[PDB]
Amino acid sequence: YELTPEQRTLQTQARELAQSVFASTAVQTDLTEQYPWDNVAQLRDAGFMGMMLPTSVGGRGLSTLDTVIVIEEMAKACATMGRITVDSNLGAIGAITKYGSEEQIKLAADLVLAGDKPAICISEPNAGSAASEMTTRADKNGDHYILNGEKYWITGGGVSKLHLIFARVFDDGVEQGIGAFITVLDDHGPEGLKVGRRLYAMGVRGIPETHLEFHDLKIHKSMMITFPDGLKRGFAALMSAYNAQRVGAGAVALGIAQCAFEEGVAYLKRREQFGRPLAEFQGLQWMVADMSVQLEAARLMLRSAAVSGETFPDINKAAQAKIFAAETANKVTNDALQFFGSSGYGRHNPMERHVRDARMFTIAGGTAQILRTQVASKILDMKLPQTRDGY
């Protein structure tokens, strides 16, 4: 239940980069809401991008746990850098690594290792929790697929090059299921791929969340992730790669909470009222005790989930960890802010940002409610349909 000597080294390397470079840019990144290109370049040069890619394509061949360790250190410095580390190591790049062809893996690897944070494109304005109800379609046309539809809250929209787009595949009018399509966005850009309006967010403002439109987007069949056993199971396998994403997302939430925790504790020791430091008040001591307990548990849950499953973490262990970590983060950041008092409410301190940044993680990548349903389906060992006629 402890890190290996190699993992401490990886942790130290991650912490050094985050504290000496990223930490001093967190406040401004939140102010400008601008994608930190400079920081991403340093993140790449330190080998913290595409870590789970095989060594045969330039990757380090690391584990999910390795990334989770790195991700948390980045998040403790900057929530934006935390999420970037996630998307550039887990999720879309994970599904491509596992299910993609040699050509598709090489294209994805070259981009990520060059410093590109991939963008996954699943959610639609009328299809969030019910992702299987997405209206983005891909009609087959010869050896190509014509994509028409819209996505939103696309993390990295406008700055991401690599795109993994999920769409309902139709063959001569007949539905085939949902498949994933790879496309790359550049200055010249692919015809039909349009970056929609930006959705300005409560926190983690350093990464643009945008709408995304597809107007007769022509994708060759060599850029569709294919399966020998049909797309019907294909849509069930791509989201299994998202089980690793959730653990990473949980690590970001944990990182934010841990930072706020450390800052709150440090403040209690130096801030004095009634002739003494705040740390000498029992009620505040127990609050500190409560936070440390939940943080320790959260870190255990995340790390435990990371080493579970086969290629990706177990879907339910990951769901349990994500629920715990995200909800833990919301309480810790809020209570840590309370330690600062009035100054905690001031934007000249980072405490109010911590609450704003942490708030998204009970929502994005599957809400805490949808994850509870998932966990319940495991314990009860039954399907839990949400439709009116699912029984």
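Residue numbers here begin at 1 and follow the sequence given.
- When the mean C-alpha temperature factors of 19-27 and 370-378 are read from the deposited coordinates, 19-27 comes out higher.
- Look at the mean CA B-factor for 229-237 and for 83-91 in the entry; the higher one is 229-237.
- Highest C-alpha temperature factor among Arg271, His215, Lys317, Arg205 per the entry: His215.
- Set against one another, the Cα B-factors of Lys221, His211, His163, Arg299 in the record reach their highest point at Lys221.
- The deposited CA B-factor of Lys117 belongs to the lowest third of values across its chain.
- Looking at the C-alpha B-factors along this chain, the one for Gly250 belongs to the lowest third.
- The deposited CA B-factor of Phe340 belongs to the middle third of values across its chain.
- The deposited CA B-factor of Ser132 belongs to the highest third of values across its chain.
- Sort the chain's modelled residues by C-alpha temperature factor and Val68 lands in the lowest third, per the entry.
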